[PDB]
There are 2 protein chains.
Amino acid sequence: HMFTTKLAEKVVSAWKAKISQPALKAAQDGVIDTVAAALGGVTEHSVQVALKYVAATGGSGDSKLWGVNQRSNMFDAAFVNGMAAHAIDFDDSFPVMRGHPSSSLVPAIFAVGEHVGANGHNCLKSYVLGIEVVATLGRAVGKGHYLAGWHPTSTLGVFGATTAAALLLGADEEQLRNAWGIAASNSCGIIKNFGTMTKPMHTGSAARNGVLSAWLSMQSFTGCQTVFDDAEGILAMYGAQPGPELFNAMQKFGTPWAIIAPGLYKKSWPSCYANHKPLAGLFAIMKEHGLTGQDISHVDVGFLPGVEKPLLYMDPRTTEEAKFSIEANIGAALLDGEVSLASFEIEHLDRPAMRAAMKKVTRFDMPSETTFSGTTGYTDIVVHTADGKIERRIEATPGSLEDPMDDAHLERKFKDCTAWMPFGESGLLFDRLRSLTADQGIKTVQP
Amino acid sequence: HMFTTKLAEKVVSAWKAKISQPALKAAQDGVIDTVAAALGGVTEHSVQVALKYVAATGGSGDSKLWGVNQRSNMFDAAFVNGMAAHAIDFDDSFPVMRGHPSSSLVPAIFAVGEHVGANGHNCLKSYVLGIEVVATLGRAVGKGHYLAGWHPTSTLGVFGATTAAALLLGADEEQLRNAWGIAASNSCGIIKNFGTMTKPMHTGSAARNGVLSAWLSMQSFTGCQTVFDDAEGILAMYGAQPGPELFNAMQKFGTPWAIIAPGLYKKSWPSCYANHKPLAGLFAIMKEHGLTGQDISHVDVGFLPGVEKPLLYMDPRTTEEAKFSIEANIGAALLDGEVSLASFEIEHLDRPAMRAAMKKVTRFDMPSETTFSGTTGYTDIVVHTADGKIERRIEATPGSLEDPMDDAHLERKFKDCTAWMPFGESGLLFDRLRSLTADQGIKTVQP
């Protein structure tokens, strides 16, 4: 009769069974995208401070810190790597959760999987199942949680990381239920911290707390075993309707896997998803009409209810703030004809030409009776030119199943994020990442 | 003109100024009570697992782990000692926050204080200010936050620990504001985990997260500097009213210090405060009427609205559950004539005569138009004897200013919690703890 008990049963049963090759491919791709995003951000101050924290702990272990020749214990590796995976806002999104599940899950899987000597098939399976848990919780809580000011990336993401870690550590149903209980008291993170270094800490903390919750569970450390149930349970606290309605969230568990439908949404640009339909539209108009930024006097960008929320900065002053500014995103597109890893570097952001481009951009509300997100809905833009206004509606979100990132584009993203690596090492890492599908030991990958 | 900005100003100004001797005395007493509670709980499985975690991290440093001959880094020392401080539910409460602030604050102060080589006066002052901050936030949030299912001990206690650690680390106003922003994304903990080992983890995590948030802030790691303000801020999210009204919560900052009025409520028994007016009344009836447990056939215990919430277990099966059971508390009182450290040990809980005593206890609802807490309001009990029923209303909460714990009793509590220590070492430690008032180095105390 308990939602928590039923979910743990479904998860552990699926763990013991074979899982579809399409699910494992989707997981493989998620790993590559998440490691790419991390390696594109390891120079950020946030990550550099995370490394200082590791020095300050005196900790040691066998779990690799990505992008540096250092290892630490599984908890602190998950912290550092989860920070890194979110540091430049280039990791995936997941509309069912309204957040970024992979930037906690993948770090947790590498940290624990390296510690226990797991092989690729099981690592990838644990990712599929962690995503399935996050999708279930996301469906249960619905739209209000994010709108209330919580960052579901961490508030719900911690349970994904917990699930995968617990499975890899050998949890049974009881240990998994206990782990989720522990994790529920470590579910945190708020949207008001967007545009600061605390945002990537959400995923570092969620990864670390997921690993810790699972590890504690294996030591007979107790937490509530029905933590998703009842008004007192964390899902109700976050706005779910407790009781029989909850079970609707898991009615199609694994049929299909949420990692395949709607799937992980892979970012084409390192910034908030609310920028992305606008950018796709703008680049399309520029390409189709043969316009550069010099031919465009203004761009109006529309937002459905609930979509503009994270775009907190109209005049961003730091690299982190710029990722949450449509003005900076569209301004860079107009000035440079592209948005890249370098676009939000403080040196580029502070260019006088960039500040002028940003002034060409205005926001407007699009009417609706319901609310949407950066990864859903549709966008209206208006591009002003010498010969009049060009209006466009963008229906497909870049990275969704309606505008998916294919293998060639994912490889190019990986290449771009790892351009700093020394001769040949990016290619070799890419091949090793892909070997998880061949059941290679995850410890051999060493990102 | 922001609440957050004003609060940081008040705190930092007070830090630079001298503070009254009564406030320092109240801080000294809180340190002693907190260390006592911790040392009474260091053999609990929760703490033993915390020490296993420290072993797993490979961490090292100069911050002493209480009750063992081991040291680690400041983050992990705060975690272990915060766990210990709350492990047997004997640490203080604070009605303005409806939680236990000292069990995160005092571990944070020892961890950071030992690291930086602080002296007693500054350590005690940081405690006073930490408490002032959590009192301000508690007043802002009001009654609804606990009733909604969050554990204010950790959701708000993290800010206490952050404040004291930041001050000890040398924070200015900007750094303090940033540290609070970082902490607000690490504010967590739910009441559904009461009666499990996750409850003391609330305080370990809050202590560690407070130390970490303060430390991060000193590395120019950013968080929101207005995190207590607006609908988007953590206080509003927890049910405070944003806007000018927020300032009402800090209007008499330090006049008087909240650590003096209403002060820290020191527990006479190692269990949930909702058991304590009932216990006081029962022991008073037994004393006044010359009754033992065998003379008493039944005890009815009343609860005002909002007070019974944490007493989740009517048939507790573990040591942790028994602390949240009026049946176990009154049962032990009837059977043994006292409630002690040993009452909730599993061997004692499992005594047939103890289970028999527990069956003598029933709960009832007391009517009111408002809600109360274990540390406020009043309690009706009815004690059934051969020659009739004895009714009593208990108005004063044990440990409040209306029924305060004096020096002799606090000293007895310390003695009882440390009786396991090698000959004479408890008294030596008691004297070293009192040396903080003499501005001795905190590094010298070594609980």
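What the entry reports as its method is X-ray crystallography, with 1.50 Å given for the resolution.

As annotated in the PDB entry, chain A is IDS-epimerase from Agrobacterium tumefaciens. Its PDB record names the entry "Crystal structure of iminodisuccinate epimerase". Word for word, the UniProt comment on chain A under Sequence similarities (unreviewed entry) is "Belongs to the PrpD family."

(A) Structural view of the domain arrangement of chain A. All names here are of chain A. Structurally, chain A comprises domain 1 (1-268 + 400-447) and domain 2 (269-399). Here the C-alpha centroids of domain 1 and domain 2 sit 29 Å apart. Note on domain 1 versus domain 2: buried area summed over both sides is about 2300 Å², and carbon and sulfur give 60% of it. On the domain 1 side of the contact with domain 2, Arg98, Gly195 and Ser268 bury the most area, a combined 21% of that side's loss.

(B) Summary view of the interface of chain B and chain A. With 52 residues of chain B in contact, the opposing surface of chain A contributes 52 residues. Interface area for chain B against chain A, summed over the two sides, is near 4400 Å², with a carbon-plus-sulfur share of 62%. For the chain B face of the interface with chain A, the top three residues by lost area are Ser185, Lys192 and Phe221 of chain B, together amounting to 16%. Where chain B packs against chain A, one counts two salt bridges. The shortest N-O distance in the salt bridge between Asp230 of chain A and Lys192 of chain B comes to 2.9 Å. Looking at the side of chain B that touches chain A, the elements with two or more residues in it are α3 (45-57), α4 (74-86), α10 (173-184), α11 (198-218) and α12 (234-237) of chain B. Among the elements that line the side of chain B that touches chain A, the one with the most residues is α11 of chain B, at eight residues. For the side of chain B that touches chain A, the residue count by class is 22 nonpolar, 24 polar and six charged.

(C) Highlighting the sheet that holds strand β4 (residues 361-365) of chain A. All names here are of chain A. Taken together, four strands build an open sheet; the order of strands is β4-β3-β5-β6 and the sheet is mixed. Both edges of this open sheet fall to β4 and β6 (388-394), since each of them pairs with a single strand only. Put simply, the sheet's adjacent strands are angled 20° from each other on average, direction ignored. Relative to β6, strand β5 (residues 379-385) runs antiparallel, the two sharing seven bridges. Across the sheet, the residue bridging to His384 is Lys389, located in β6. Where helix α14 (residues 276-289) meets the sheet, it contacts β3 (296-303), β5 and β6, and its direction lies at approximately 130° from that of β6.

(D) Fine view of unusual backbone geometry. Looking along the chain, the bond that leaves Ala261 of chain A and enters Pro262 of chain A is cis, with omega of 10°. Mapped onto the secondary structure, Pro262 of chain A falls in helix α13 (residues 259-263). Cis rather than trans, the peptide bond between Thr255 of chain B and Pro256 of chain B has omega equal to 0°. In this fold, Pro256 of chain B is placed in the loop between α12 and α13 (259-263). For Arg98 of chain A, which is not a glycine, the phi torsion comes out positive at approximately 50°. With respect to the helices and strands, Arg98 of chain A occurs in the loop between α4 (74-86) and α5 (102-116).

(E) Region of the structure containing the layout of surface pockets. Residues and elements named next belong to chain A. Approximately 680 Å³ is the volume found for the largest pocket. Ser268, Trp269, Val339, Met405 and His409 are, among the 25 residues lining the largest pocket, the residues nearest its centre. Taken together, the elements giving at least two residues each to the lining of the largest pocket come down to α14 and α19 (407-417). Looking at the lining of the largest pocket, the element that brings in the most residues is α19, giving five residues. For the lining of the largest pocket, a count of residues per class yields twelve nonpolar, five polar and eight charged.

(F) Quick look at the environment of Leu176 of chain B. Residues and elements named next belong to chain B. Along the chain, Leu176 turns up in helix α10. Under the relative-accessibility criterion, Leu176 is labelled buried at 0%. Residues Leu176 and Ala166 lie ten residues apart in sequence; the distance between their C-alpha atoms is 6.2 Å. Apart from the residues lying within four places of it in its own chain, the contact partners of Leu176 are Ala8, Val11, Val12, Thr163, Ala166 and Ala171.

(G) Structural context of the relation of the copies chain B and chain A. Relative to chain A, chain B is turned by 180° and slid 0.1 Å along the rotation axis, the superposed coordinates differing by an RMSD of 0.1 Å. Within this description, the copies of the chain are treated as partners about a two-fold rotation axis. Among all residues of chain B, the minimum C-alpha distance to the rotation axis is found for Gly59 of chain B, at 2.1 Å. Counting the interface residues of chain B, we find that 100% of their copies in chain A are interface residues as well, pointing to one common contact surface.

(H) Up close: the UniProt feature "domain: MmgE/PrpD N-terminal" (unreviewed entry) in chain A. Per the UniProt record, the feature "domain: MmgE/PrpD N-terminal" (unreviewed entry) sits at residues 6-243 of chain A. Spanning residues 6-243 of chain A, this segment combines 63% helix with 3% strand, and its end C-alpha atoms are found 13 Å apart.

(I) Fine view of the sheet that holds strand β3 (residues 296-303) of chain B. All names here are of chain B. Here we have four strands laid out as an open sheet, ordered β4-β3-β5-β6, and mixed in their pairing. Of all strands in the sheet, those bounded by a partner on one side alone are β4 (361-365) and β6 (388-394). In this sheet, neighbouring strand axes are inclined to one another by 20° on average, regardless of whether the strands run parallel or antiparallel. In terms of strand pairing, β3 meets β4 through five bridges, oriented parallel. Following the sheet pairing, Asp300 is matched in β4 by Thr362.

(J) Spotlight on helix α2 (residues 21-39) of chain A. Relative to the 27 Å expected for 19 residues at 1.5 Å per residue, α2 of chain A spans 27 Å between its end C-alpha atoms, a close match to the ideal helical length. The buried fraction of α2 of chain A amounts to 16 of the 19 residues, a majority that puts the element mostly inside the structure.

(K) Layout of the packing of aromatic side chains. All names here are of chain B. One pass over the full model with this rule turns up 32 aromatic pairs over all chains. Ring geometry for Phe3 versus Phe247: centroids 6.0 Å apart, planes at 75°, classification edge-to-face. Highlighted residues: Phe3 in helix α1 (residues 3-16) and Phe247 in the loop between α12 and α13, separated in sequence by 244 residues. A relative accessible area of 0% places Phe3 in the buried class.

(L) Layout of the pattern of salt bridges. Residue and element names in this part refer to chain A. Applying the stated criterion across every chain, the model contains 30 salt bridges over all chains. Here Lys199 and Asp89 are joined by a salt bridge, their closest N and O atoms 2.8 Å apart. Remark: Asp89 occurs in the loop between α4 and α5 and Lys199 occurs in helix α11 (residues 198-218); sequence separation between them is 110 residues. You'll find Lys199 and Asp89 in the same group, each marked buried. Here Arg355 ties to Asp350 by a salt bridge, and the two come within 3.2 Å at their closest N and O atoms. Taking the relative accessible area as the measure of exposure, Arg355 reaches 17% and is therefore buried. Here the salt bridges share partners, and the residues they tie into one network are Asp315, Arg317, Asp350 and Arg355.

(M) Main features of the environment of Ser426 of chain A. All names here are of chain A. Here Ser426 shows up in helix α20 (residues 425-434). Assessed through its relative accessible area of 16%, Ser426 is described here as buried. As a C-alpha pair, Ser426 and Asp416 span ten residues in sequence and 9.9 Å in three-dimensional space. When sequence neighbours within four positions are dropped, the list of residues in contact with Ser426 reads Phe414, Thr418 and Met421. Polar side-chain contacts of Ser426 include one of 2.6 Å to the side chain of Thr418.

(N) Here's a closer look at the packing of helix α3 (residues 45-57) of chain A against α11 of chain B. At a minimum axis separation of 11 Å, α3 of chain A and α11 of chain B run at an interaxial angle of 125°. Taken together, the axes of α3 of chain A and α11 of chain B lie oblique to each other. The handedness of the crossing between α3 of chain A and α11 of chain B is right-handed. Across the interface between the two elements, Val49, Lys52, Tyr53 and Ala56 of chain A of α3 of chain A pack against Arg208, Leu212, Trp215 and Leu216 of chain B of α11 of chain B. Among the residues forming the contact of α3 of chain A with α11 of chain B, the class breakdown is six nonpolar, no polar and two charged.

Basis of the calculations
Residues numbered from 1 in each chain as written, not as in the entry; some residues may be left out. Chains lettered and ligands numbered in written order. Heavy atoms only, no water. UniProt positions renumbered as here; feature names shortened; annotations may be inferred. Domains from an automatic or database assignment. Buried area = accessible area lost by both parts, 1.4 Å probe. Contact = heavy atoms within 4.5 Å. Salt bridge = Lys/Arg side-chain N within 4 Å of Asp/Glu carboxyl O. Helix = DSSP H or I, 4+ residues; strand = E, 2+ residues; numbered from the N terminus. Nonpolar A, V, L, I, M, F, W, Y, C, P; charged D, E, K, R; others polar. Pairing = 2+ DSSP bridges. Axes fitted to C-alpha atoms, helices over the stretch in contact; angles between N-to-C directions. 1 Å grid on protein atoms, 1.4 Å probe; cavity = no way out; pocket = protein on both sides within 12 Å on 5 of 7 lines; lining within 4 Å. Points joined across faces, edges and corners; volume = space filled by probe spheres on them. Buried < 20%, exposed > 50% of the residue type's maximum accessible area, 1.4 Å probe, protein only. Least-squares fit on C-alpha atoms. Expected span 1.5 Å × (residues − 1). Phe/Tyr/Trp six-rings, centres within 6.5 Å; stacked < 30°, edge-to-face > 60°. Polar contact = N/O pair within 3.5 Å; in protein donor to acceptor, adjacent residues only side chain to side chain. Parallel < 35°, antiparallel > 145°, perpendicular 65-115°, else oblique. Left-handed = near helix turned anticlockwise from the far one by under 90°.

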